[PDB]
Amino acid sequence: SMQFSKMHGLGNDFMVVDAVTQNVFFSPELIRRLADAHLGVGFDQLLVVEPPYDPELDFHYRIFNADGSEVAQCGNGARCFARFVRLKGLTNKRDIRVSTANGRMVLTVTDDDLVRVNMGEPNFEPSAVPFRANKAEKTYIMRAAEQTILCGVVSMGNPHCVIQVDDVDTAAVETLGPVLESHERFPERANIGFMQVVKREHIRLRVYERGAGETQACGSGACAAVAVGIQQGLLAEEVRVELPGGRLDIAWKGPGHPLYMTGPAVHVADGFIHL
């Protein structure tokens, strides 16, 4: 009987499998069966932990969707993965080096059992967003419908446009979101963040994702909002970010430094299923 766990990170339900000490091959058919809530286990995504391909890494892991395809979205599943391998005694390291479909990472498990990820250095150069503007500004003006908006723009590897609001619950995420997401000044569209600054160290956030609309926990959007807020002199070096899906903590010493994102992973259950 194959052992598995259920975990929750970034507002997503993961089924998580130790494929290091268990001998299992995840065919697309097996995956789609396991995704079935009645025939199988049921999950948003399947996270499979494997031995490393590189002798200097600790593990490799893959993420599969319910269709049975491997998903390659940067940092996806990282927090559950890091807590899973420690919880199951596959490692005792606090700095875990892992390869994924998107490259490699060093994940750090903190003393509070949170997982910190190095997200790289934010880039504010409009050309790298991409964003249509002559030179970088801490704030930009944009016309959106017959309304004008101030915003910051940054790339965390993907494009972001961050707008200050007075309350995220009373934000026109659903009308202003689409208008800016495909605004003509974003030739590749952009994720639209609505940032309510509670304190220099505490924001609330909703994110209208590029192409996907509002989601529960957009990690790169949390990073982008805090990076913009810091670049604008509004935010401290370490910021609690409250999202619909939960809480992240961002830390950034400003240009010249990488930005860090720290998040929880909940171990929801263990189980087993005969294959």
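Numbers for residues come from their place in the sequence shown, where the first is 1.
Colleague: For the higher mean C-alpha B factor in the entry, choose 236-244 or 39-47.
Modeller: Mean B over CA atoms: larger for 236-244.
Colleague: If you average the CA temperature factors over each stretch, which comes out higher, 153-161 or 133-141?
Modeller: The recorded data point to 133-141.
Colleague: Name the residue from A101, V109, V179, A78 with the greatest C-alpha temperature factor listed in the entry.
Modeller: Result of the comparison over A101, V109, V179, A78: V179.
Colleague: For the listed residues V173, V117, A82, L90, which one has the largest C-alpha B-factor as given in the deposited model?
Modeller: Among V173, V117, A82, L90, the PDB entry lists the largest C-alpha B-factor for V173.
Colleague: Please place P55 in the lowest, middle or highest third of its chain by C-alpha B factor as given in the entry.
Modeller: It belongs to the lowest third of the chain when residues are ordered by C-alpha B-factor.
Colleague: Name the third of the chain's ranked CA B-factors that contains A190, choosing lowest, middle or highest.
Modeller: As the PDB entry reports it, the C-alpha B-factor of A190 lands in the middle third of its chain.
Colleague: Please place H202 in the lowest, middle or highest third of its chain according to the CA B-factor in the PDB entry.
Modeller: As the PDB entry reports it, the C-alpha B-factor of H202 lands in the middle third of its chain.
Colleague: Would you mind ranking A212 by its C-alpha B-factor against the rest of the chain and naming the third, lowest, middle or highest?
Modeller: For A212, the deposited C-alpha B-factor lands in the highest third.
Colleague: Compare the C-alpha B factor of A269 with those of the other modelled residues in its chain, then answer lowest, middle or highest third.
Modeller: Its C-alpha B-factor belongs to the lowest third of this chain's values.
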